[PDB]
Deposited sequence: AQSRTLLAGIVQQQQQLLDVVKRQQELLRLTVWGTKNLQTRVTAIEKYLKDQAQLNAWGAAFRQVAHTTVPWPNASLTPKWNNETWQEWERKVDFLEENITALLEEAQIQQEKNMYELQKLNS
């Protein structure tokens, strides 16, 4: 009498798991893009600071940022990398455990009538 609902609940759990797995894939691609851009923006900032210094040796608009800025940005994003890489590893683990629990639940649903 409740079997139908139970089956649909277990089914919905698979559906939600599928959604969050595919959301994790899209999040990973977004994280990749962010990393790729960070390296390219840092290169541009480095380039422009080098060109400003060369000009200075020679007017030419002083590269405004502070001396310390490259170090700071490097340290901040290294922290960012460590946090994001940990979260990606943890979510992968949690997703794997959810898949196992999904299988356990299906097994139990199948054992249900007999």
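According to the record, no C-alpha positions are given for deposited positions 1, 60 to 67, numbered from 1.
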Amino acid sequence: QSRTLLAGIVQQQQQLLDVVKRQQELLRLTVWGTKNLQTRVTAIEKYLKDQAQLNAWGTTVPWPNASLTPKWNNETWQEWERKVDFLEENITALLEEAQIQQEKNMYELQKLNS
From here on, numbers count along this sequence of modelled residues.
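For the pair 35 to 43 and 82 to 90, the mean Cα B-factor is higher in 82 to 90.
Stretches 96 to 104 and 18 to 26 differ in mean CA B factor, with 96 to 104 having the higher one.
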